[PDB]
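Q: Dropping in data_20.pdb, with PDB, C-alpha atoms.
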ATOM      1  CA  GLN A  54      11.085   5.744 -15.133  1.00  0.00           C
ATOM      2  CA  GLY A  55       9.443   3.489 -12.582  1.00  0.00           C
ATOM      3  CA  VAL A  56      10.145  -0.207 -13.024  1.00  0.00           C
ATOM      4  CA  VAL A  57       7.285  -2.678 -13.368  1.00  0.00           C
ATOM      5  CA  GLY A  58       7.806  -5.992 -11.624  1.00  0.00           C
ATOM      6  CA  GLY A  59       6.161  -9.323 -12.165  1.00  0.00           C
ATOM      7  CA  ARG A  60       4.286 -11.704  -9.931  1.00  0.00           C
ATOM      8  CA  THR A  61       1.940 -14.629 -10.301  1.00  0.00           C
ATOM      9  CA  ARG A  62      -1.764 -14.211  -9.569  1.00  0.00           C
ATOM     10  CA  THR A  63      -1.231 -15.415  -6.015  1.00  0.00           C
ATOM     11  CA  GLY A  64       2.426 -14.410  -5.868  1.00  0.00           C
ATOM     12  CA  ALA A  65       3.826 -12.416  -2.997  1.00  0.00           C
ATOM     13  CA  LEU A  66       3.317  -8.647  -3.133  1.00  0.00           C
ATOM     14  CA  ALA A  67       6.918  -7.601  -3.533  1.00  0.00           C
ATOM     15  CA  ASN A  68       7.857  -3.962  -4.032  1.00  0.00           C
ATOM     16  CA  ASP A  69       9.735  -2.422  -6.946  1.00  0.00           C
ATOM     17  CA  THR A  70      11.572   0.801  -7.681  1.00  0.00           C
ATOM     18  CA  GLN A  71       9.799   4.073  -8.373  1.00  0.00           C
ATOM     19  CA  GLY A  72       9.957   6.847 -10.932  1.00  0.00           C
ATOM     20  CA  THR A  73      12.377   9.446  -9.582  1.00  0.00           C
ATOM     21  CA  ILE A  74      11.543  13.110  -9.969  1.00  0.00           C
ATOM     22  CA  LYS A  75      14.804  15.013  -9.622  1.00  0.00           C
ATOM     23  CA  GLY A  76      14.810  18.709  -8.880  1.00  0.00           C
ATOM     24  CA  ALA A  77      16.442  20.554 -11.755  1.00  0.00           C
ATOM     25  CA  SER A  78      17.522  24.105 -11.019  1.00  0.00           C
ATOM     26  CA  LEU A  79      19.084  26.787 -13.179  1.00  0.00           C
ATOM     27  CA  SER A  80      19.418  30.448 -12.301  1.00  0.00           C
ATOM     28  CA  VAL A  81      19.256  33.777 -14.052  1.00  0.00           C
ATOM     29  CA  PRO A  82      23.012  34.339 -14.018  1.00  0.00           C
ATOM     30  CA  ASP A  83      24.640  36.797 -11.683  1.00  0.00           C
ATOM     31  CA  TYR A  84      26.542  38.071 -14.704  1.00  0.00           C
ATOM     32  CA  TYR A  85      25.260  40.794 -17.015  1.00  0.00           C
ATOM     33  CA  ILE A  86      25.599  41.289 -20.762  1.00  0.00           C
ATOM     34  CA  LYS A  87      26.221  44.975 -20.179  1.00  0.00           C
ATOM     35  CA  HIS A  88      27.564  47.279 -22.812  1.00  0.00           C
ATOM     36  CA  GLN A  89      28.151  50.755 -21.480  1.00  0.00           C
ATOM     37  CA  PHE A  90      29.691  53.939 -22.799  1.00  0.00           C
ATOM     38  CA  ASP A  91      30.893  57.235 -21.354  1.00  0.00           C
ATOM     39  CA  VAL A  92      29.426  59.635 -23.881  1.00  0.00           C
ATOM     40  CA  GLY A  93      31.030  62.970 -23.100  1.00  0.00           C
ATOM     41  CA  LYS A  94      28.434  65.640 -22.433  1.00  0.00           C
ATOM     42  CA  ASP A  95      30.330  67.913 -24.803  1.00  0.00           C
ATOM     43  CA  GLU A  96      29.969  65.414 -27.644  1.00  0.00           C
ATOM     44  CA  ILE A  97      26.216  65.435 -27.046  1.00  0.00           C
ATOM     45  CA  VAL A  98      25.476  69.137 -27.367  1.00  0.00           C
ATOM     46  CA  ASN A  99      28.246  69.494 -29.949  1.00  0.00           C
ATOM     47  CA  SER A 100      26.965  66.645 -32.098  1.00  0.00           C
ATOM     48  CA  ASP A 101      23.383  67.881 -31.838  1.00  0.00           C
ATOM     49  CA  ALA A 102      24.529  71.349 -32.899  1.00  0.00           C
ATOM     50  CA  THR A 103      26.799  70.211 -35.750  1.00  0.00           C
ATOM     51  CA  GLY A 104      25.544  66.849 -36.908  1.00  0.00           C
ATOM     52  CA  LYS A 105      25.251  66.036 -40.582  1.00  0.00           C
TER      53      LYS A 105
ATOM     54  CA  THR B 314     -25.476 -41.502   6.530  1.00  0.00           C
ATOM     55  CA  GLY B 315     -28.598 -40.840   4.487  1.00  0.00           C
ATOM     56  CA  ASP B 316     -30.117 -37.929   6.412  1.00  0.00           C
ATOM     57  CA  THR B 317     -30.544 -34.233   5.808  1.00  0.00           C
ATOM     58  CA  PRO B 318     -27.724 -32.258   7.468  1.00  0.00           C
ATOM     59  CA  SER B 319     -30.269 -30.634   9.821  1.00  0.00           C
ATOM     60  CA  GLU B 320     -28.305 -27.558  10.859  1.00  0.00           C
ATOM     61  CA  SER B 321     -27.768 -27.237  14.603  1.00  0.00           C
ATOM     62  CA  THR B 322     -27.772 -24.351  17.075  1.00  0.00           C
ATOM     63  CA  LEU B 323     -23.982 -24.447  17.196  1.00  0.00           C
ATOM     64  CA  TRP B 324     -22.635 -21.526  15.205  1.00  0.00           C
ATOM     65  CA  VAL B 325     -19.537 -21.697  13.038  1.00  0.00           C
ATOM     66  CA  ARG B 326     -17.741 -18.430  12.380  1.00  0.00           C
ATOM     67  CA  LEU B 327     -17.239 -18.145   8.641  1.00  0.00           C
ATOM     68  CA  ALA B 328     -14.687 -15.366   8.891  1.00  0.00           C
ATOM     69  CA  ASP B 329     -13.673 -13.816   5.590  1.00  0.00           C
ATOM     70  CA  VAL B 330     -10.188 -13.505   7.051  1.00  0.00           C
ATOM     71  CA  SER B 331      -8.928 -11.842   3.905  1.00  0.00           C
ATOM     72  CA  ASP B 332      -5.579 -10.177   3.419  1.00  0.00           C
ATOM     73  CA  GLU B 333      -3.571  -7.310   2.053  1.00  0.00           C
ATOM     74  CA  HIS B 334      -3.316  -9.449  -1.068  1.00  0.00           C
ATOM     75  CA  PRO B 335      -5.709  -8.391  -3.859  1.00  0.00           C
ATOM     76  CA  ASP B 336      -5.921 -11.865  -5.442  1.00  0.00           C
ATOM     77  CA  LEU B 337      -6.381 -14.344  -2.593  1.00  0.00           C
ATOM     78  CA  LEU B 338      -9.655 -14.538  -0.723  1.00  0.00           C
ATOM     79  CA  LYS B 339      -8.504 -16.477   2.338  1.00  0.00           C
ATOM     80  CA  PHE B 340     -11.554 -17.695   4.249  1.00  0.00           C
ATOM     81  CA  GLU B 341     -11.619 -19.262   7.714  1.00  0.00           C
ATOM     82  CA  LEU B 342     -14.259 -21.531   9.212  1.00  0.00           C
ATOM     83  CA  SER B 343     -13.692 -21.626  12.963  1.00  0.00           C
ATOM     84  CA  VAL B 344     -15.675 -22.705  16.022  1.00  0.00           C
ATOM     85  CA  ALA B 345     -14.925 -22.788  19.748  1.00  0.00           C
ATOM     86  CA  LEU B 346     -16.557 -25.560  21.684  1.00  0.00           C
ATOM     87  CA  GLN B 347     -16.943 -26.930  25.195  1.00  0.00           C
ATOM     88  CA  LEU B 348     -18.656 -30.066  26.475  1.00  0.00           C
ATOM     89  CA  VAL B 349     -19.535 -29.216  30.059  1.00  0.00           C
ATOM     90  CA  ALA B 350     -20.869 -32.352  31.752  1.00  0.00           C
ATOM     91  CA  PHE B 351     -22.975 -31.305  34.722  1.00  0.00           C
ATOM     92  CA  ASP B 352     -22.944 -33.927  37.477  1.00  0.00           C
ATOM     93  CA  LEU B 353     -20.002 -35.917  36.146  1.00  0.00           C
ATOM     94  CA  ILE B 354     -21.238 -39.098  37.831  1.00  0.00           C
ATOM     95  CA  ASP B 355     -24.713 -38.632  36.336  1.00  0.00           C
ATOM     96  CA  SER B 356     -23.559 -37.275  33.001  1.00  0.00           C
ATOM     97  CA  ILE B 357     -21.056 -39.885  31.802  1.00  0.00           C
ATOM     98  CA  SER B 358     -20.386 -43.517  32.626  1.00  0.00           C
ATOM     99  CA  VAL B 359     -18.031 -45.741  30.660  1.00  0.00           C
ATOM    100  CA  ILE B 360     -17.883 -49.492  30.195  1.00  0.00           C
ATOM    101  CA  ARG B 361     -14.215 -49.304  29.415  1.00  0.00           C
ATOM    102  CA  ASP B 362     -13.190 -52.740  28.144  1.00  0.00           C
ATOM    103  CA  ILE B 363     -15.349 -54.186  25.391  1.00  0.00           C
ATOM    104  CA  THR B 364     -13.838 -56.847  23.190  1.00  0.00           C
ATOM    105  CA  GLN B 365     -14.651 -54.998  19.955  1.00  0.00           C
TER     106      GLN B 365
END
Let's see the structure in the file written out as structure tokens.
A:
Amino acid sequence: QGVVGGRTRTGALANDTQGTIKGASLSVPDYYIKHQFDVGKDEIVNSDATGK
Amino acid sequence: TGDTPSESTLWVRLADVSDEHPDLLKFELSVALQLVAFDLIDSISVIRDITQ
């Protein structure tokens, strides 16, 4: 937060620090939450044919 | 001593010579002036040594 200084009515116009905006930066990660499965194509037709 | 000030033809520069500062007002009252004496022998003579 910028700092407020003090001076008399006729006091010298000194300068004081300033509010600092800092650039924050995240990123959509380069790492996935994958879950993947090798469903055998035989267990697809088979399970469709005989599936309770 | 007891007369009206009877403003002259000589002009005084009232310069509002203000400043950066937002609280002071900083006026100046300045005049340049010359006393050219045409015909120096005619214009001025001086009785130099009076006793008072």
Q: For chain A, report every residue with an atom at most 9 Å from chain B (counting only C-alpha atoms), formatted as a PyMOL selection string.
A: chain A and resi 62-66
Q: What does the distance from CA of residue 351 (chain B) to CA of residue 322 (chain B) come to in Å, to one decimal?
A: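 Going from CA of residue 351 (chain B) over to CA of residue 322 (chain B), I get 19.6 Å.
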Q: For a quick check of your reading of the model, name the residues lying within 7 Å of the coordinate (-11.5, -13.1, 6.9), counting only C-alpha atoms, and write them as a VMD selection string.
A: chain B and resid 328 to 331 339 to 341
Q: Give me the residues within 12 Å of residue 58 (chain A) as a PyMOL selection string, counting only C-alpha atoms and dropping any in the same chain fewer than 3 places off.
A: chain A and resi 55+61+64-71
Q: Would you put the residues from that selection into a file with C-alpha atoms, as a CSV table (one decimal), in the coordinates of the input?
A:
chain,number,residue,atom,x,y,z
A,55,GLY,CA,9.4,3.5,-12.6
A,61,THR,CA,1.9,-14.6,-10.3
A,64,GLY,CA,2.4,-14.4,-5.9
A,65,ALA,CA,3.8,-12.4,-3.0
A,66,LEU,CA,3.3,-8.6,-3.1
A,67,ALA,CA,6.9,-7.6,-3.5
A,68,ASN,CA,7.9,-4.0,-4.0
A,69,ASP,CA,9.7,-2.4,-6.9
A,70,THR,CA,11.6,0.8,-7.7
A,71,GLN,CA,9.8,4.1,-8.4
Q: Could you tell me how far CA of residue 57 (chain A) lies from CA of residue 76 (chain A), in Å and to one decimal?
A: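 Computing the Euclidean distance for CA of residue 57 (chain A) and CA of residue 76 (chain A) yields 23.1 Å.
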Q: Take CA of residue 363 (chain B) and CA of residue 350 (chain B) and report the distance between them in Å, one decimal.
A: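 So the answer is 23.4 Å.
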Q: How big is the axis-aligned box, and where does its centre sit, when it encloses all atoms of region 99-103 of chain A listed in the file and has 3 Å added on every side, reported in Å to one decimal as JSON?
A:
{"center_x": 25.8, "center_y": 69.0, "center_z": -32.8, "size_x": 10.9, "size_y": 10.7, "size_z": 11.8}
Q: Between B:332, B:326, B:360, B:365, which residue has the minimum interatomic distance to residue 346 (chain B), considering only C-alpha atoms?
A: B:326
Q: Can you patch up region 63-88 of chain A, filling it in to N, CA, C and O atoms, and show the result as a PDB file, in the frame of the given file?
A:
ATOM      1  N   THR A  63      -1.306 -15.282  -7.456  1.00  0.00           N
ATOM      2  CA  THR A  63      -1.231 -15.415  -6.015  1.00  0.00           C
ATOM      3  C   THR A  63       0.158 -15.124  -5.472  1.00  0.00           C
ATOM      4  O   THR A  63       0.402 -15.337  -4.281  1.00  0.00           O
ATOM      5  N   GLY A  64       1.069 -14.646  -6.312  1.00  0.00           N
ATOM      6  CA  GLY A  64       2.426 -14.410  -5.868  1.00  0.00           C
ATOM      7  C   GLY A  64       2.502 -13.346  -4.793  1.00  0.00           C
ATOM      8  O   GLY A  64       1.577 -12.567  -4.572  1.00  0.00           O
ATOM      9  N   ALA A  65       3.635 -13.338  -4.102  1.00  0.00           N
ATOM     10  CA  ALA A  65       3.826 -12.416  -2.997  1.00  0.00           C
ATOM     11  C   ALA A  65       3.936 -10.986  -3.506  1.00  0.00           C
ATOM     12  O   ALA A  65       4.578 -10.716  -4.522  1.00  0.00           O
ATOM     13  N   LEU A  66       3.306 -10.064  -2.779  1.00  0.00           N
ATOM     14  CA  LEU A  66       3.317  -8.647  -3.133  1.00  0.00           C
ATOM     15  C   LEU A  66       4.679  -8.060  -2.786  1.00  0.00           C
ATOM     16  O   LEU A  66       4.883  -7.438  -1.742  1.00  0.00           O
ATOM     17  N   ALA A  67       5.634  -8.260  -3.686  1.00  0.00           N
ATOM     18  CA  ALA A  67       6.918  -7.601  -3.533  1.00  0.00           C
ATOM     19  C   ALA A  67       6.816  -6.157  -4.005  1.00  0.00           C
ATOM     20  O   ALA A  67       5.854  -5.762  -4.663  1.00  0.00           O
ATOM     21  N   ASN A  68       7.824  -5.366  -3.663  1.00  0.00           N
ATOM     22  CA  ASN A  68       7.857  -3.962  -4.032  1.00  0.00           C
ATOM     23  C   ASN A  68       9.011  -3.689  -4.986  1.00  0.00           C
ATOM     24  O   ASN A  68      10.062  -4.331  -4.919  1.00  0.00           O
ATOM     25  N   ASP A  69       8.802  -2.716  -5.869  1.00  0.00           N
ATOM     26  CA  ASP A  69       9.735  -2.422  -6.946  1.00  0.00           C
ATOM     27  C   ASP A  69      10.006  -0.929  -6.991  1.00  0.00           C
ATOM     28  O   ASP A  69       9.265  -0.126  -6.422  1.00  0.00           O
ATOM     29  N   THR A  70      11.081  -0.569  -7.689  1.00  0.00           N
ATOM     30  CA  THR A  70      11.572   0.801  -7.681  1.00  0.00           C
ATOM     31  C   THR A  70      10.530   1.757  -8.251  1.00  0.00           C
ATOM     32  O   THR A  70       9.539   1.354  -8.856  1.00  0.00           O
ATOM     33  N   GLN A  71      10.774   3.046  -8.055  1.00  0.00           N
ATOM     34  CA  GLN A  71       9.799   4.073  -8.373  1.00  0.00           C
ATOM     35  C   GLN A  71      10.401   5.136  -9.277  1.00  0.00           C
ATOM     36  O   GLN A  71      11.607   5.391  -9.246  1.00  0.00           O
ATOM     37  N   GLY A  72       9.544   5.744 -10.092  1.00  0.00           N
ATOM     38  CA  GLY A  72       9.957   6.847 -10.932  1.00  0.00           C
ATOM     39  C   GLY A  72      10.490   7.989 -10.100  1.00  0.00           C
ATOM     40  O   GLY A  72       9.821   8.436  -9.165  1.00  0.00           O
ATOM     41  N   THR A  73      11.688   8.471 -10.417  1.00  0.00           N
ATOM     42  CA  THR A  73      12.377   9.446  -9.582  1.00  0.00           C
ATOM     43  C   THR A  73      12.282  10.816 -10.234  1.00  0.00           C
ATOM     44  O   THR A  73      12.889  11.058 -11.283  1.00  0.00           O
ATOM     45  N   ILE A  74      11.521  11.701  -9.612  1.00  0.00           N
ATOM     46  CA  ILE A  74      11.543  13.110  -9.969  1.00  0.00           C
ATOM     47  C   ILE A  74      12.753  13.748  -9.312  1.00  0.00           C
ATOM     48  O   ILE A  74      12.899  13.708  -8.087  1.00  0.00           O
ATOM     49  N   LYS A  75      13.626  14.330 -10.118  1.00  0.00           N
ATOM     50  CA  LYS A  75      14.804  15.013  -9.622  1.00  0.00           C
ATOM     51  C   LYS A  75      14.600  16.506  -9.801  1.00  0.00           C
ATOM     52  O   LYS A  75      14.057  16.951 -10.815  1.00  0.00           O
ATOM     53  N   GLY A  76      14.998  17.279  -8.801  1.00  0.00           N
ATOM     54  CA  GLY A  76      14.810  18.709  -8.880  1.00  0.00           C
ATOM     55  C   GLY A  76      15.878  19.380  -9.710  1.00  0.00           C
ATOM     56  O   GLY A  76      17.027  19.492  -9.278  1.00  0.00           O
ATOM     57  N   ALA A  77      15.521  19.818 -10.911  1.00  0.00           N
ATOM     58  CA  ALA A  77      16.442  20.554 -11.755  1.00  0.00           C
ATOM     59  C   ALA A  77      16.343  22.032 -11.427  1.00  0.00           C
ATOM     60  O   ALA A  77      15.262  22.538 -11.118  1.00  0.00           O
ATOM     61  N   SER A  78      17.475  22.724 -11.489  1.00  0.00           N
ATOM     62  CA  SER A  78      17.522  24.105 -11.019  1.00  0.00           C
ATOM     63  C   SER A  78      18.610  24.854 -11.768  1.00  0.00           C
ATOM     64  O   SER A  78      19.797  24.566 -11.595  1.00  0.00           O
ATOM     65  N   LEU A  79      18.201  25.803 -12.592  1.00  0.00           N
ATOM     66  CA  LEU A  79      19.084  26.787 -13.179  1.00  0.00           C
ATOM     67  C   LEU A  79      18.930  28.092 -12.420  1.00  0.00           C
ATOM     68  O   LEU A  79      18.242  28.166 -11.405  1.00  0.00           O
ATOM     69  N   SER A  80      19.543  29.148 -12.933  1.00  0.00           N
ATOM     70  CA  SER A  80      19.418  30.448 -12.301  1.00  0.00           C
ATOM     71  C   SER A  80      19.676  31.518 -13.340  1.00  0.00           C
ATOM     72  O   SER A  80      20.549  31.358 -14.194  1.00  0.00           O
ATOM     73  N   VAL A  81      18.912  32.600 -13.270  1.00  0.00           N
ATOM     74  CA  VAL A  81      19.256  33.777 -14.052  1.00  0.00           C
ATOM     75  C   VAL A  81      20.648  34.168 -13.584  1.00  0.00           C
ATOM     76  O   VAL A  81      20.852  34.393 -12.384  1.00  0.00           O
ATOM     77  N   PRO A  82      21.628  34.244 -14.471  1.00  0.00           N
ATOM     78  CA  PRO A  82      23.012  34.339 -14.018  1.00  0.00           C
ATOM     79  C   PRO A  82      23.265  35.649 -13.306  1.00  0.00           C
ATOM     80  O   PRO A  82      22.635  36.672 -13.581  1.00  0.00           O
ATOM     81  N   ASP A  83      24.203  35.604 -12.376  1.00  0.00           N
ATOM     82  CA  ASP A  83      24.640  36.797 -11.683  1.00  0.00           C
ATOM     83  C   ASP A  83      25.570  37.629 -12.525  1.00  0.00           C
ATOM     84  O   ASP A  83      26.289  38.471 -11.986  1.00  0.00           O
ATOM     85  N   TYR A  84      25.602  37.398 -13.831  1.00  0.00           N
ATOM     86  CA  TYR A  84      26.542  38.071 -14.704  1.00  0.00           C
ATOM     87  C   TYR A  84      25.772  38.712 -15.846  1.00  0.00           C
ATOM     88  O   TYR A  84      24.977  38.048 -16.514  1.00  0.00           O
ATOM     89  N   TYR A  85      26.011  39.997 -16.062  1.00  0.00           N
ATOM     90  CA  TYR A  85      25.260  40.794 -17.015  1.00  0.00           C
ATOM     91  C   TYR A  85      25.909  40.762 -18.392  1.00  0.00           C
ATOM     92  O   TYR A  85      27.071  40.391 -18.555  1.00  0.00           O
ATOM     93  N   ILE A  86      25.141  41.193 -19.384  1.00  0.00           N
ATOM     94  CA  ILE A  86      25.599  41.289 -20.762  1.00  0.00           C
ATOM     95  C   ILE A  86      25.724  42.772 -21.062  1.00  0.00           C
ATOM     96  O   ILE A  86      25.411  43.233 -22.161  1.00  0.00           O
ATOM     97  N   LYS A  87      26.119  43.534 -20.051  1.00  0.00           N
ATOM     98  CA  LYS A  87      26.221  44.975 -20.179  1.00  0.00           C
ATOM     99  C   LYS A  87      27.074  45.367 -21.373  1.00  0.00           C
ATOM    100  O   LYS A  87      28.041  44.693 -21.732  1.00  0.00           O
ATOM    101  N   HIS A  88      26.680  46.464 -21.999  1.00  0.00           N
ATOM    102  CA  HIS A  88      27.564  47.279 -22.812  1.00  0.00           C
ATOM    103  C   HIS A  88      27.327  48.718 -22.398  1.00  0.00           C
ATOM    104  O   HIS A  88      26.186  49.184 -22.422  1.00  0.00           O
TER     105      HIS A  88
END
